[PDB]
Number of protein chains: 4
Amino acid sequence: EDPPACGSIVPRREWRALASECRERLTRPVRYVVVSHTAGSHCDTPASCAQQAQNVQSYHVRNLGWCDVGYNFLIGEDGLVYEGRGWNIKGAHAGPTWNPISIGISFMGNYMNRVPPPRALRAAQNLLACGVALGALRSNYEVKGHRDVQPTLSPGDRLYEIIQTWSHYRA
Amino acid sequence: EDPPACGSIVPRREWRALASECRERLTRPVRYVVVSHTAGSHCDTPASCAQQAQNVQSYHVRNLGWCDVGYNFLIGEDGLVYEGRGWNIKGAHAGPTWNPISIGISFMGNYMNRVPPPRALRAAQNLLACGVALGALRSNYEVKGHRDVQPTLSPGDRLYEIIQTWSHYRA
Amino acid sequence: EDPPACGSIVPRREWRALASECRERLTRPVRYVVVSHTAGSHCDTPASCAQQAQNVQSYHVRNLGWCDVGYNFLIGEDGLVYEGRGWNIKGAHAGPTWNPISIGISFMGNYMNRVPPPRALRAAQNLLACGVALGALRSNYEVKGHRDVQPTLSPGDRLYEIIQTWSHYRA
Amino acid sequence: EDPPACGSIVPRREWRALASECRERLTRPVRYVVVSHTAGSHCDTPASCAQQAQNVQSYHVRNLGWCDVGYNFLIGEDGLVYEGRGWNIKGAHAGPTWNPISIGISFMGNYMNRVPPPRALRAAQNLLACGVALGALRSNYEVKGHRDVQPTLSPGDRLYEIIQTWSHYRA
C-alpha cells in the first residue's frame, strides 16, 4: 500500500469553506467520475479561486439549502483543486442514480466557448490519478460528462469535447 | 362552468412522442411548478416545435435512458403547450426533492440573453390556470425557477427575471 | 420570529416530567430527524402514555444517567406528541455524529411486528410540519431511520418500512 | 398520498363514518366559529371516541334524516379532533342564521358540570390555527358560544366559561 502524498488539493479550511452538514458516504472504490462546470465565472489565482469556491458553496448552502457545496472537488483555472465533499462523502451534482456511485468534479467557469487552461486540465487528471493511488477510485474508473447523465449544457461544449478524448471516458 | 374549460395542449401523438414507460405518479392537487428552459434552440412554428419536442425527448430517452421526456409540459415559441409527462406522472426535471411534488414546465430554447415571445408566455400562464381548473394544481400553488432549486442557469436570466413577477412565484 | 404556536404537544409539566439538567443547545434550523422506537411498552390512552413517557425519561436519567430523556420528542399510540428535550436542546439518541445536528423522535413501543396506528403516524408527521413552521427544522429537512445512522433494528421493521414512504426520507 | 390533515384530525374513515349526502358548501373564508357540546356521552380514549362520533352521526342521520353528522368538527377528551363535515360543507349545528356563516366545532360530552381536559383545549386551538393555514378560517377569525346564538344550554357552563378567556374570541 505504498504512500503517495498526492494532495496538491487545497483543504476546506484553507479556502475558508463553511462547515458541512453532509454525512452520507460513498462506498470506495467509486467507479465513476462525472465532470461538470459551474457555468459560473472562472478564477485564475489561489486568492480569487478561494473566493469563487466560497461563492459556489454559498449558492448551494444559502440559496439552495444544501448540507454542503454539491461537488466532491472543484477545479480552478489557477491550476489547483479545491476540496468539496471529498472522496468519502456523497455529492449532490448528478442525480439519485449517479451521485451515490460517482465522484463529481467541477471546473469553475463556463466552458461553452472556452477551453480550460492546460493547468486546470492537468490538475483534474492529476486529481484522478491520485484518487486511484488512494483506492478512492477503481483503477478502471469511467468518466462521464454531466450532459451524459442529466439534461444540462454542462460541462460546456469545449470542455465536453475534451473529456471525450480522455482515456477513461465511456459515454 | 363544466365539464372542461382550460388552455390547449398538443397531445403526444400529435408531436409524435415515443410511448412513455414512466409509471410513478404525482399526488393531486400539486403544490409546486418548476420553470426551466431546455437551454437549446428555440422553435416558432407547430412544425419545428414538434420536431423540437422530439429531439428533447430523444435525448432524455435514447441518451439518458429515461422512461420518457423529463418535463411534464414544454412550451414552444409557436405559442403551443406540448404534452410531456402530463399532470399525473412524476417528471424528472428538478431533482429527487421537487420531481415528486411539482409539475415541471420548460420553455424550449435558451433565455439567458433572450426572452420568450408574448404568446409563449400566455401559453405557460394559460396552462397553469388550466391546471388549477382541473384540480391538478393547488389554487395556492407556487412557481420556482429551476435555478432556485437546482444548481443551474436555467430558466435563463431573462426568463427567470420574468417569472419573478408572477402572481404565484415564491422564492 | 415566527409568531403562531404549533401542534398538540403534551408539555412536560403535564406528563409530570422530572426537570431537565440538559444545557447544550442545538443550532436552529436543524437538518435531520431520526425516527426511533423505544422498544418498550406501547400505550393508547393519554394516562397510560403520560406514564410511559415518565418511564422512558426515568430510565434514561436514573439508570443511564443522562441529563434528560434522550429523545427530543416522544409519540404515543394514543395519538399525542410528548415533549422531550424539545426543539432547542441537543438530545442523546443517535450517537455523537448525529446528536448535535438532529432532532430525535421516538415512537413509544416496539415495531418489529406491529405497525403503529395512523393517529400516531399523523401526530409525528404533524409534529414535523410544526418544526418547520416554527423554524426549528429546515424546510428541506431529512428524516432518517435510526438504523440508517446506527447499527440497530430501531425504529422496528414495520415502522421502518413506513417512514421509507414519507416524502422527506433519505436512506 | 403525501399531505395529511393538519392538527392530527381523525379522518371520517378512521372513525368508521357513514358517507355524507351533503352538497351545500360554505365559502371559506368563514368569519365565525361556534362551540357546542354534543350533550351526549363523553369518551377519553381513541377507541371510545370513534364510537361516539359514530354514535352522534348515526343519531343525526338515521334519526333526524340529516345528510351527515351535524358539525364541521368534534373534539374528544382523548385530545383528538374528529372530522365531521369538515371545512367546506355547511353544517347543521346552530340554526338557519349561523349554520351558513360559521364553523361548528363540538366537544363530545355534556360539560355543564364538567370542565374538559387541556389537551382537548389544545387540540381545539390547534384546529383553528390549521383552519387559517388552509384558507377556510379567515386569518382574523372570530369565536362565539352556542348559547350566544340559540335558545340552548350548550356548550355547558364550565365549558362555556373558559371559551370566554380566549384571545381570538370576540365578545
Side-chain angles (χ1 to χ4, degrees), chain C residues 2-16 42-53 73 75-83 105 107-109 115-134 143 162-169, chain D residues 1-17 42-53 73-83 105 108-109 116-134 137-141 166-168:
Chain C
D2 289 295
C6 197
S8 280
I9 298 168
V10 181
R12 312 178 68 98
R13 317 298 219 98
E14 193 175 315
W15 57 267
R16 308 170 182 190
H42 68 76
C43 49
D44 58 17
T45 71
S48 50
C49 274
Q51 177 67 66
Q52 210 51 43
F73 292 99
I75 311 282
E77 295 193 344
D78 61 350
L80 307 172
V81 166
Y82 293 82
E83 201 192 356
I105 78 186
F107 276 79
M108 292 185 285
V115 301
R119 51 176 184 278
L121 296 176
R122 274 201 299 292
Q125 283 165 302
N126 268 296
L127 162 70
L128 303 196
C130 269
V132 172
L134 278 180
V143 203
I162 296 160
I163 75 195
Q164 282 194 299
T165 68
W166 295 6
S167 61
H168 278 72
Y169 181 81
Chain D
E1 334 301 302
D2 65 297
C6 43
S8 302
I9 295 159
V10 179
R12 290 180 64 72
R13 283 195 55 153
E14 187 177 310
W15 63 261
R16 296 188 44 97
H42 55 100
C43 50
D44 65 342
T45 80
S48 47
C49 280
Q51 190 64 61
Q52 205 38 49
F73 297 102
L74 301 66
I75 310 301
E77 294 196 325
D78 48 17
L80 318 182
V81 178
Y82 291 77
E83 194 196 20
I105 65 157
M108 292 203 299
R119 58 176 157 284
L121 303 194
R122 279 199 312 288
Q125 334 262 39
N126 191 42
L127 171 74
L128 299 175
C130 132
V132 167
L134 269 256
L137 275 165
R138 74 193 221 147
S139 350
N140 38 301
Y141 85 74
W166 284 24
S167 93
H168 262 69

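The figures that follow rest on heavy atoms only: side chains count, while hydrogens, waters and symmetry mates do not. Throughout, a chain's letter reflects where its sequence line sits, starting with A, and its residues are numbered from 1.
Of the two parts of D:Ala5, only the backbone, made up of N, CA, C and O, holds a non-hydrogen atom closer than 4.5 Å to a non-hydrogen atom of chain C. D:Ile9 touches chain C through its backbone: at least one of N, CA, C or O sits under 4.5 Å from a heavy atom, while the side chain does not.
Between chain C and the residues D:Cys6, D:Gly79, D:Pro118, D:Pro4, the most heavy-atom pairs under 4.5 angstrom are made by D:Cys6. Ranked by heavy-atom pairs shorter than 4.5 Å toward chain C, the options D:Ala129, D:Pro46, D:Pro117, D:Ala123 are led by D:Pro46.
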Any donor-acceptor pairs between chain C and chain D, under 3.5 Å? If so, list them.
residue	atom	partner	partner atom	Å
D:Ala5	O	C:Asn126	ND2	2.9
D:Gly7	N	C:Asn126	OD1	3.4
D:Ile9	O	C:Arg122	NE	3.1
D:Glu14	OE1	C:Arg122	NH1	3.1
D:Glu14	OE1	C:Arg122	NH2	2.6
D:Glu14	OE2	C:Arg122	NH2	3.4
D:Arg122	NE	C:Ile9	O	3.0
D:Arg122	NH1	C:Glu14	OE1	3.0
D:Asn126	OD1	C:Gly7	N	3.4
D:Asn126	ND2	C:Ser8	OG	3.3

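Residues satisfying the ring-ring contact (aromatic ring centres under 6.0 Å, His included) criterion with C:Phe107, sequence neighbours excluded, are absent altogether.
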